[PDB]
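Novice: Structure file coords.tsv (TSV, C-alpha atoms) is given on the next line.
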chain	number	residue	atom	x	y	z
A	1	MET	CA	6.19	13.80	-19.04
A	2	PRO	CA	6.38	10.18	-20.29
A	3	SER	CA	5.05	7.13	-18.46
A	4	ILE	CA	5.82	3.56	-17.45
A	5	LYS	CA	5.00	0.56	-19.63
A	6	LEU	CA	4.42	-2.80	-17.95
A	7	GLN	CA	2.46	-5.87	-18.95
A	8	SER	CA	0.66	-7.94	-16.32
A	9	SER	CA	1.25	-11.69	-16.04
A	10	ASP	CA	-1.81	-12.65	-18.12
A	11	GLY	CA	-0.90	-10.26	-20.91
A	12	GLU	CA	-2.89	-7.20	-19.87
A	13	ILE	CA	-0.57	-4.25	-20.41
A	14	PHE	CA	-0.87	-1.15	-18.22
A	15	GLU	CA	0.37	2.34	-18.92
A	16	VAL	CA	0.32	4.98	-16.22
A	17	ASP	CA	2.26	7.97	-14.88
A	18	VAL	CA	5.90	7.11	-14.18
A	19	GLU	CA	6.02	9.37	-11.12
A	20	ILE	CA	3.54	7.14	-9.32
A	21	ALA	CA	5.36	3.97	-10.44
A	22	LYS	CA	8.47	5.48	-8.88
A	23	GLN	CA	7.21	4.15	-5.55
A	24	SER	CA	7.60	0.63	-6.89
A	25	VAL	CA	11.25	-0.11	-6.16
A	26	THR	CA	11.78	-3.10	-8.42
A	27	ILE	CA	10.28	-1.00	-11.23
A	28	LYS	CA	13.12	1.56	-11.25
A	29	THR	CA	15.65	-1.13	-12.16
A	30	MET	CA	13.23	-2.45	-14.78
A	31	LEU	CA	12.80	1.13	-16.02
A	32	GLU	CA	16.51	1.65	-16.60
A	33	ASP	CA	17.09	-1.88	-17.88
A	34	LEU	CA	14.32	-2.28	-20.47
A	35	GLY	CA	12.25	0.81	-19.75
A	36	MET	CA	14.24	3.61	-21.45
A	37	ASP	CA	11.26	5.99	-20.91
A	38	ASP	CA	10.75	7.67	-24.29
A	39	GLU	CA	7.03	8.29	-24.84
A	40	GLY	CA	5.45	6.01	-22.26
A	41	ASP	CA	3.66	3.62	-24.61
A	42	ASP	CA	7.04	1.94	-24.99
A	43	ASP	CA	7.67	-1.78	-25.60
A	44	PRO	CA	5.72	-3.69	-22.91
A	45	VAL	CA	7.74	-5.93	-20.62
A	46	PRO	CA	5.71	-8.84	-19.13
A	47	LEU	CA	5.69	-9.14	-15.35
A	48	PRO	CA	4.88	-12.75	-14.29
A	49	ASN	CA	3.96	-11.63	-10.77
A	50	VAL	CA	0.62	-9.84	-10.94
A	51	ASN	CA	-2.30	-9.48	-13.36
A	52	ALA	CA	-4.29	-6.37	-14.27
A	53	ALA	CA	-6.91	-7.20	-11.64
A	54	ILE	CA	-4.54	-6.58	-8.74
A	55	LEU	CA	-1.89	-4.44	-10.48
A	56	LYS	CA	-4.27	-1.52	-10.99
A	57	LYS	CA	-4.80	-1.23	-7.22
A	58	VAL	CA	-1.09	-1.45	-6.51
A	59	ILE	CA	-0.15	1.20	-9.05
A	60	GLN	CA	-3.06	3.48	-8.09
A	61	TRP	CA	-1.77	3.32	-4.52
A	62	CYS	CA	1.34	4.90	-5.97
A	63	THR	CA	-0.97	7.30	-7.83
A	64	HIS	CA	-1.91	9.25	-4.72
A	65	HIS	CA	1.26	8.80	-2.66
A	66	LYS	CA	3.30	10.89	-5.10
A	67	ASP	CA	0.42	13.36	-5.20
A	68	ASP	CA	-0.30	13.59	-1.47
A	69	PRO	CA	-1.61	17.07	-0.50
A	70	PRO	CA	1.36	19.46	-0.11
A	71	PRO	CA	1.78	21.09	3.33
A	72	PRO	CA	0.07	24.53	3.43
A	73	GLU	CA	2.41	26.93	5.24
A	74	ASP	CA	2.95	26.27	8.96
A	75	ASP	CA	3.51	22.53	9.24
A	76	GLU	CA	5.88	21.76	6.38
A	77	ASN	CA	6.09	17.97	6.68
A	78	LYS	CA	3.53	15.38	5.59
A	79	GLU	CA	4.16	12.86	8.34
A	80	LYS	CA	6.81	12.06	10.91
A	81	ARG	CA	6.73	8.27	10.69
A	82	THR	CA	3.35	6.74	9.82
A	83	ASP	CA	0.86	8.93	11.69
A	84	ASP	CA	-1.97	10.02	9.39
A	85	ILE	CA	-3.01	7.81	6.49
A	86	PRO	CA	-4.74	9.60	3.57
A	87	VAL	CA	-8.29	8.85	2.41
A	88	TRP	CA	-6.71	7.01	-0.52
A	89	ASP	CA	-5.00	4.34	1.59
A	90	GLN	CA	-7.95	4.25	3.99
A	91	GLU	CA	-10.32	2.54	1.54
A	92	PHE	CA	-7.93	-0.35	0.83
A	93	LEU	CA	-8.01	-1.46	4.47
A	94	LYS	CA	-11.78	-1.89	4.51
A	95	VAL	CA	-12.11	-4.04	1.39
A	96	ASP	CA	-12.46	-7.77	0.75
A	97	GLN	CA	-9.63	-10.05	1.86
A	98	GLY	CA	-9.19	-11.36	-1.68
A	99	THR	CA	-7.62	-8.07	-2.68
A	100	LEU	CA	-6.31	-7.28	0.81
A	101	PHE	CA	-4.22	-10.46	0.94
A	102	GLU	CA	-2.41	-9.85	-2.36
A	103	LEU	CA	-1.91	-6.19	-1.38
A	104	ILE	CA	0.76	-7.50	0.99
A	105	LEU	CA	2.35	-9.97	-1.43
A	106	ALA	CA	2.12	-7.71	-4.48
A	107	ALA	CA	3.92	-5.04	-2.49
A	108	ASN	CA	6.57	-7.54	-1.41
A	109	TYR	CA	8.03	-8.35	-4.84
A	110	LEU	CA	7.70	-4.70	-5.89
A	111	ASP	CA	9.48	-3.77	-2.64
A	112	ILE	CA	6.87	-1.17	-1.75
A	113	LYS	CA	7.23	-1.73	2.00
A	114	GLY	CA	5.07	1.35	2.44
A	115	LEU	CA	2.03	-0.39	0.99
A	116	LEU	CA	2.99	-3.64	2.69
A	117	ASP	CA	3.27	-2.02	6.12
A	118	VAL	CA	-0.07	-0.19	5.99
A	119	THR	CA	-2.01	-3.32	5.06
A	120	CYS	CA	0.07	-5.45	7.45
A	121	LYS	CA	-0.72	-3.07	10.31
A	122	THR	CA	-4.42	-3.43	9.55
A	123	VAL	CA	-4.45	-7.22	9.11
A	124	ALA	CA	-2.61	-7.58	12.42
A	125	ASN	CA	-4.78	-4.82	13.92
A	126	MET	CA	-7.71	-7.20	14.38
A	127	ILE	CA	-5.66	-9.41	16.70
A	128	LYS	CA	-3.27	-7.20	18.73
A	129	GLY	CA	-0.98	-5.54	16.21
A	130	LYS	CA	1.57	-8.25	16.94
A	131	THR	CA	2.92	-11.14	14.87
A	132	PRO	CA	0.61	-11.48	11.81
A	133	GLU	CA	0.16	-15.25	12.07
A	134	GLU	CA	-3.42	-16.44	12.52
A	135	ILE	CA	-1.91	-19.52	14.17
A	136	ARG	CA	-0.71	-17.27	17.00
A	137	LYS	CA	-4.17	-17.52	18.55
A	138	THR	CA	-3.34	-20.97	19.97
A	139	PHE	CA	-1.36	-19.24	22.74
A	140	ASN	CA	-3.41	-16.02	22.56
A	141	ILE	CA	-1.23	-14.29	19.96
A	142	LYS	CA	1.05	-12.22	22.15
A	143	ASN	CA	0.23	-10.43	25.40
A	144	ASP	CA	0.31	-6.69	24.76
A	145	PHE	CA	-1.43	-5.08	27.75
A	146	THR	CA	-4.82	-5.59	26.09
A	147	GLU	CA	-6.17	-5.37	29.64
A	148	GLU	CA	-5.87	-1.61	29.23
A	149	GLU	CA	-6.44	-1.08	25.48
A	150	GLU	CA	-9.02	1.73	26.00
A	151	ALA	CA	-6.30	4.37	25.56
A	152	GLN	CA	-6.86	3.99	21.81
A	153	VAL	CA	-3.76	5.84	20.62
A	154	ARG	CA	-4.99	6.47	17.09
A	155	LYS	CA	-8.33	8.33	16.96
A	156	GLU	CA	-9.67	9.53	13.58
A	157	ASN	CA	-12.38	6.89	13.85
A	158	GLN	CA	-15.37	8.65	12.28
A	159	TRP	CA	-16.73	5.24	11.26
A	160	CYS	CA	-17.71	6.60	7.86
A	161	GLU	CA	-18.69	3.35	6.17
A	162	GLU	CA	-19.27	2.81	2.46
A	163	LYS	CA	-16.71	4.31	0.08
What does this structure look like when you write it as structure tokens?
Specialist:
Amino acid sequence: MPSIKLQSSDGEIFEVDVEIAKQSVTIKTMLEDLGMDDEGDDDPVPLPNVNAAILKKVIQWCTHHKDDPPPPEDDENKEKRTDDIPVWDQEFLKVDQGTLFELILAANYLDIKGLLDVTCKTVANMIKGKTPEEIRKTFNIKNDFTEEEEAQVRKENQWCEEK
């Protein structure tokens, strides 16, 4: 199996498995256009969007999501529609905002709405899971029956800190 060749904005080229990069939507067009996919260390095309600092996190997100643990025998699906986030994703929602912020934007121009949604859910989680504007707080964000709230329809909160 070959791999994807892409060069970050500052000139730091990255090579990694093409199956993971398949999650990146704007990469498939790039792959057919100037990718060719021959050996994987192919001619590097510069991407003026992200540098190697952020890109590694974005493409490693794709790393696990193509490799998510296959269903054993009884329950044949992975998820219905966003129900159980893997330990891979989990760590990216407890990190510094410097990386967390770009995780949304980096995903935007790559069209990985999967990545974008998970981090967006978490950023908006701290308020009320509503509109993700911090300026919303002027009118109290958006009423969402926070009077109840205790139902906690999520669980899986072991509170295992560190990484």
Novice: So, with only C-alpha atoms as the atoms that count, which of A:123, A:31, A:141, A:54 lies closest to residue 102 of chain A?
Specialist: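 Of all the options, A:54 lies closest to residue 102 of chain A.
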Novice: Using all atoms of segment 116-126 of chain A that appear in the file, construct an axis-aligned enclosing box with 6 Å of padding on every side and provide its centre coordinates and edge lengths in Å, rounded to one decimal, as AutoDock Vina command-line options.
Specialist:
--center_x -2.2 --center_y -3.9 --center_z 8.5 --size_x 23.0 --size_y 19.4 --size_z 23.7
Novice: Can you tell me, as a ChimeraX atom specification, what residues are no more than 12 Å from residue 95 of chain A when counting all atoms listed in the file, ignoring any on the same chain fewer than 3 positions away?
Specialist: /A:57,89-92,98-103,119,122-123,161-163
Novice: Tell me, in Å to one decimal, how far atom CA of residue 158 of chain A is from atom CA of residue 125 of chain A.
Specialist: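 Pair atom CA of residue 158 of chain A / atom CA of residue 125 of chain A returns 17.2 Å.
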Novice: Find, counting only C-alpha atoms, the residue in A:146, A:157, A:138, A:23 that gets nearest to residue 85 of chain A.
Specialist: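 Of all the options, A:157 lies closest to residue 85 of chain A.
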Novice: May I have the residues within 12 Å of residue 130 of chain A as an MDAnalysis selection string, using all atoms listed in the file and disregarding those fewer than 4 positions away in the same chain?
Specialist: chainID A and resid 120:126 134 136:137 140:146
Novice: Using all atoms listed in the file, can you tell me which of A:82, A:26, A:49, A:9 comes closest to residue 105 of chain A?
Specialist: A:49
Novice: When you count all atoms listed in the file, which of these residues is closest to residue 160 of chain A: A:1, A:64, A:10, A:94?
Specialist: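 When distances to residue 160 of chain A are compared using all atoms listed in the file, the smallest one comes from A:94.
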Novice: Which of these residues is nearest to residue 6 of chain A, using all atoms listed in the file: A:28, A:45, A:36, A:75?
Specialist: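 Among the listed residues, the smallest separation from residue 6 of chain A belongs to A:45.
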Novice: Figure out the distance between atom CA of residue 104 of chain A and atom CA of residue 128 of chain A, please, to one decimal in Å.
Specialist: 18.2 Å
Novice: Determine, counting only C-alpha atoms, which protein, DNA and RNA residues have an atom within 10 Å of an atom of residue 21 of chain A; residues of the same chain fewer than 5 positions away are not included. Present the result as a PyMOL selection string.
Specialist: chain A and resi 3-5+15-16+26-28+31+58-63+66
Novice: Work out how far atom CA of residue 41 of chain A is from atom CA of residue 13 of chain A, in Å to one decimal.
Specialist: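 Atom CA of residue 41 of chain A lies 9.9 Å from atom CA of residue 13 of chain A.
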Novice: Could you pull segment 85-110 of chain A out of the block above and give me N, CA and C atoms, as an mmCIF file, in the first residue's frame?
Specialist:
data_model
loop_
_atom_site.group_PDB
_atom_site.id
_atom_site.type_symbol
_atom_site.label_atom_id
_atom_site.label_comp_id
_atom_site.auth_asym_id
_atom_site.auth_seq_id
_atom_site.Cartn_x
_atom_site.Cartn_y
_atom_site.Cartn_z
ATOM 1 N N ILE A 85 -17.562 8.077 21.373
ATOM 2 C CA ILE A 85 -16.297 8.533 20.820
ATOM 3 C C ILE A 85 -15.135 7.719 21.376
ATOM 4 N N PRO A 86 -14.252 7.240 20.487
ATOM 5 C CA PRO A 86 -13.097 6.425 20.867
ATOM 6 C C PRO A 86 -12.095 7.185 21.736
ATOM 7 N N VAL A 87 -11.224 6.431 22.400
ATOM 8 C CA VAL A 87 -10.195 7.003 23.263
ATOM 9 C C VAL A 87 -9.225 7.887 22.481
ATOM 10 N N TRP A 88 -9.183 7.706 21.164
ATOM 11 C CA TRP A 88 -8.348 8.537 20.312
ATOM 12 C C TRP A 88 -8.863 9.972 20.324
ATOM 13 N N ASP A 89 -10.107 10.136 19.880
ATOM 14 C CA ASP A 89 -10.765 11.439 19.832
ATOM 15 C C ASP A 89 -10.748 12.095 21.203
ATOM 16 N N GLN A 90 -11.083 11.291 22.210
ATOM 17 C CA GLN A 90 -11.264 11.748 23.588
ATOM 18 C C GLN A 90 -10.156 12.696 24.062
ATOM 19 N N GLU A 91 -8.904 12.383 23.743
ATOM 20 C CA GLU A 91 -7.782 13.156 24.268
ATOM 21 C C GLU A 91 -7.722 14.558 23.664
ATOM 22 N N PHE A 92 -8.250 14.715 22.456
ATOM 23 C CA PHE A 92 -8.145 15.982 21.736
ATOM 24 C C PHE A 92 -9.138 17.013 22.263
ATOM 25 N N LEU A 93 -10.076 16.572 23.089
ATOM 26 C CA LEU A 93 -11.080 17.476 23.633
ATOM 27 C C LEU A 93 -10.720 17.910 25.049
ATOM 28 N N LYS A 94 -9.549 17.502 25.518
ATOM 29 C CA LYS A 94 -9.115 17.860 26.862
ATOM 30 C C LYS A 94 -7.763 18.565 26.816
ATOM 31 N N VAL A 95 -7.389 19.024 25.629
ATOM 32 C CA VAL A 95 -6.089 19.655 25.431
ATOM 33 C C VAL A 95 -6.203 21.173 25.431
ATOM 34 N N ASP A 96 -5.063 21.829 25.269
ATOM 35 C CA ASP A 96 -4.997 23.291 25.228
ATOM 36 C C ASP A 96 -5.814 23.863 24.073
ATOM 37 N N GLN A 97 -6.308 25.082 24.262
ATOM 38 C CA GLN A 97 -7.190 25.711 23.286
ATOM 39 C C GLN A 97 -6.426 26.131 22.036
ATOM 40 N N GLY A 98 -5.111 26.296 22.167
ATOM 41 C CA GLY A 98 -4.290 26.653 21.023
ATOM 42 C C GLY A 98 -4.422 25.643 19.902
ATOM 43 N N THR A 99 -4.391 24.371 20.267
ATOM 44 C CA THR A 99 -4.577 23.298 19.310
ATOM 45 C C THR A 99 -6.065 23.070 19.048
ATOM 46 N N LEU A 100 -6.861 23.149 20.112
ATOM 47 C CA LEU A 100 -8.296 22.891 20.036
ATOM 48 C C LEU A 100 -8.983 23.827 19.040
ATOM 49 N N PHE A 101 -8.595 25.098 19.059
ATOM 50 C CA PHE A 101 -9.180 26.097 18.172
ATOM 51 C C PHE A 101 -8.963 25.728 16.705
ATOM 52 N N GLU A 102 -7.711 25.466 16.333
ATOM 53 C CA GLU A 102 -7.384 25.160 14.944
ATOM 54 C C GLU A 102 -7.971 23.816 14.531
ATOM 55 N N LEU A 103 -8.213 22.930 15.493
ATOM 56 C CA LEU A 103 -8.832 21.639 15.193
ATOM 57 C C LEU A 103 -10.152 21.827 14.451
ATOM 58 N N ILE A 104 -10.845 22.921 14.746
ATOM 59 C CA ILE A 104 -12.105 23.220 14.082
ATOM 60 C C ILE A 104 -11.852 23.799 12.689
ATOM 61 N N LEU A 105 -10.923 24.748 12.607
ATOM 62 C CA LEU A 105 -10.638 25.449 11.354
ATOM 63 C C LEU A 105 -9.887 24.550 10.375
ATOM 64 N N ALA A 106 -8.917 23.799 10.885
ATOM 65 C CA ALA A 106 -8.152 22.868 10.070
ATOM 66 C C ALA A 106 -9.076 21.852 9.415
ATOM 67 N N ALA A 107 -10.069 21.413 10.173
ATOM 68 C CA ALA A 107 -11.035 20.447 9.686
ATOM 69 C C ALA A 107 -11.961 21.073 8.648
ATOM 70 N N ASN A 108 -12.161 22.383 8.746
ATOM 71 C CA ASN A 108 -13.085 23.089 7.864
ATOM 72 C C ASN A 108 -12.608 23.061 6.417
ATOM 73 N N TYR A 109 -11.367 23.476 6.179
ATOM 74 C CA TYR A 109 -10.856 23.546 4.813
ATOM 75 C C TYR A 109 -10.485 22.166 4.265
ATOM 76 N N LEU A 110 -10.354 21.180 5.146
ATOM 77 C CA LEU A 110 -10.147 19.798 4.706
ATOM 78 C C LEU A 110 -11.484 19.078 4.547
#
